[PDB]
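Here are two versions of the same chain, shown separately as structure tokens and labelled structure 1 and structure 2.
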Structure 1
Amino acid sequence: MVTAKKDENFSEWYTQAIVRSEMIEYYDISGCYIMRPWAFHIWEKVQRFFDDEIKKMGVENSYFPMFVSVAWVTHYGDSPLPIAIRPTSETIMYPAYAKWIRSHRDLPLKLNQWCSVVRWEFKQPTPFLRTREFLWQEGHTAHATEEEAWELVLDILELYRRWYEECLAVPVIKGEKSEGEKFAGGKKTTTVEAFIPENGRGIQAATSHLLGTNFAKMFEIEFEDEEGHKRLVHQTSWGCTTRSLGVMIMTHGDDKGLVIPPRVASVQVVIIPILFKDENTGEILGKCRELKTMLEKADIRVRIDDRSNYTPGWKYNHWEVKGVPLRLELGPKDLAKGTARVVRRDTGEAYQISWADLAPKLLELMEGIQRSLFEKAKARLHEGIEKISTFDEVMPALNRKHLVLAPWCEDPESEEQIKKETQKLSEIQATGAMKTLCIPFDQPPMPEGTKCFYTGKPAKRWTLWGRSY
């Protein structure tokens, strides 16, 4: 049972929740975490969704080696050798792209791979959020024109919005990264950002880069034109990781533990026979089995927790901590009345449902839960953003654990200065630096001559700032 309370002791709540739900297991190498089925199934679900969608775009999967020509591999079982793990595979894939692309009809080229990457940062580790090894997908495409590459950047970003909002019920904000926060060596980075109210931090949910021609020039990825001229390809890359699971956990969880959106939950309905220690005669479990078969006919994912020793209250708490969206209780009166009691995890509301009506009503409830989780989260996102005009509004907003939307001149040195000055102010108040999250695609109007909230120069666009992961 989760005993830390989410808003009072958030990091402790997160650690308790992810372990007591059986999502992760600890490991004797720092920064590495076992993904148990309760978490991994969620990965399987968003992976299937995204993979189906990119295949509709003509992206095809592949596998490139994990060794880059540095985590050095010096020996093979104490036989020394005469290596380097991928943090990301641009340098692994792009020589191959230079080889594969010769003329305009070789384009576009669109590849994806699902794999794990290793990033051995010294800083402190947190499961799903920032780890030594994590799973992701990385897509890399090359196009004859910049317009086509940018169109794909935006299509992928929309797919990421759907990954978060339709699968995980997490609202995100589409936007463009500042010059200082864009991918190294690219033209323009787009992103979807999420918000964590309990610590007021923005977090990058996924990222989709217009690399432009810089990588082509560096790796000599050229193609011959239709008129016979050598031209550089225009490239993109885009990635999204198991950090999505962390965001989902933080968005929907409450004081009792996780809440898993029905669309991705490994079990959608747990059937809990109200049986005590020697009560097994087959009457309750039989109807439990019948109900499982019926519900599975409607493509509902069901488990019966028929484990001998635990009380019904133990099982209720166990499955609430895991965050299964619906619980179906079947005990003796239920059996004698022909009904079952269903409790939905997000609100605790209970329904007495006739056995005939179970599969429809549950489908209904699941849609309700999934929509409600999104709408409540979207409302919290909206209540977490203060639209300001001047710098004196910044520190107050940050102390309410909010982000700010402010008019900005988009000068990069100004972003560095704002980082340093908000860090300074935070230490004197006693990680406190505030930085840009994105420049949202949805731009409110910019009245003529609006001043940048920090520099006083002419503002160019509304920019989203906050403390960050």
Structure 2
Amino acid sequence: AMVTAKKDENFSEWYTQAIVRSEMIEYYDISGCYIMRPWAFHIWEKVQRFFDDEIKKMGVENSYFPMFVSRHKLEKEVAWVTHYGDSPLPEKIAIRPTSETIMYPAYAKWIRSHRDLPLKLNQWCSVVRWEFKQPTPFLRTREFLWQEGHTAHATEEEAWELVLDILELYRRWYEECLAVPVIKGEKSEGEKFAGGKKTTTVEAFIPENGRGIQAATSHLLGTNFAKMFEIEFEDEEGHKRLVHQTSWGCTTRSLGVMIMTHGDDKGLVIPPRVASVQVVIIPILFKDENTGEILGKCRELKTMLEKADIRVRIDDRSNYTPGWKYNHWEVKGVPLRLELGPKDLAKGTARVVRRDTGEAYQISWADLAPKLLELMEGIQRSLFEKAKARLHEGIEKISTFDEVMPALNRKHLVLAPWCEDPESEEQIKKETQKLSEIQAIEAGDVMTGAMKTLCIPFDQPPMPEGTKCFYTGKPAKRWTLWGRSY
């Protein structure tokens, strides 16, 4: 299978082909659920190991809470269990959409003293959000894998520092592992987590459809949940005070974002840092050659590379041509391929082809390990810098509302001065929705056309005094990133 849809022409068909023909996903009879095959699951394991190691250094501990929540606990897009076999439960129980109402009664019991704080827990599990909108493999599904962390602190300042530290870990998850550039920012009051005080986010951008997408999230819950669940601690005075809480999560959406960011017309391109196969060795196996010698040297090279921690597989299958194998591992996104035939063996070199650019190198066997390490770092860096340039070109800085629709029609995000009044965001969503529908009827034309806030970026351009809001004309408070979204 080759990918035949072009990424810049039919992006939806291209994406489906890339994830199916690489054997990353399989479809399923229940809408919005997808099977995650090993080729994709290996990447999830890699980013999971990364994030787990990092939060353990912060003193976060893993745990496991039940997948079921009582009606009363939850009620204090949800799939309800109502019967065991054909017997009706007295109270129906819900499948977790998130675990605040499952965990926080326990927290209230566990926390008594300032000596019990901070309390830092995480769990890896799946959650269920049963919407009816258009599902997208990896990006927006009814069941998905995630991690959710939940912490409790004696002070707001300590909780806020943790929120930001986790957000930095999510920046590293995307930018350092997956080579996807993200924008750190704060959500608007309309878009933040309802029961929380402040929601921070990293946002990603999909150029081919112009859409922003929330990559991960980190919430300062403050004391609201502590009030509702009576999570209190005693200082050394003996005075009871509410804890200050955080929660934060990130999902297999990250994989989809990586796929969309780096893929090309040939299929997947997997950044070397998360590729389960970094180097595929393809021996050339003529009938009229010493095949034993060539396969032996491939095994020697595999051992030599694995001593440098390079993840290698040899595709020595005799029933497929080298051309078939080149395409097979290109579709799967292996970042380097190493070709070895009798002429290479005679010269003591190997031919290495990088997946992102197709550039080829002749490398002597003694230089192979350090040169491939350097090449993989270069591939990783180049994937990131090109995605970052696409991000910067995808954002238009505007000053008035009449620049919105043209910028959206170019599939761009807009960075605009905003008064942050929450009524104005609703007005903007509804107006851009209506104008988008008009434009659709003029084009002769599934996913919403409305523009919403994506985030208020931590990195703020200058704000000249007396800059007006781009929609209300009221005095503008901060630069805000807007766009169509998932």
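In this text, the rigid core denotes the largest set of C-alpha atoms whose superposition between the two forms falls within 1.5 Å. For numbering, take structure 1's sequence and count from 1.
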*Pick out the one residue among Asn280, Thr145, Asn199, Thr347 whose C-alpha shifts by 2 Å or more between structure 1 and structure 2, once the rigid core is superposed.*
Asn280
*Would you tell me if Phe64 moves between structure 1 and structure 2 by 2 Å or more at its C-alpha, with the rigid core held superposed?*
no
*Tell me, please, whether between structure 1 and structure 2 the C-alpha of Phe441 is shifted by 2 Å or more, with the rigid core used for superposition.*
no
_Please state whether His75 has a C-alpha shift of 2 Å or more between structure 1 and structure 2, with the rigid core used for the fit._
yes
*If you line up the core, how far does the Cα of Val118 move between structure 1 and structure 2, in Å?*
1.5
*Core-fitted comparison between structure 1 and structure 2 - CA shift at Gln268, Å*: 0.1
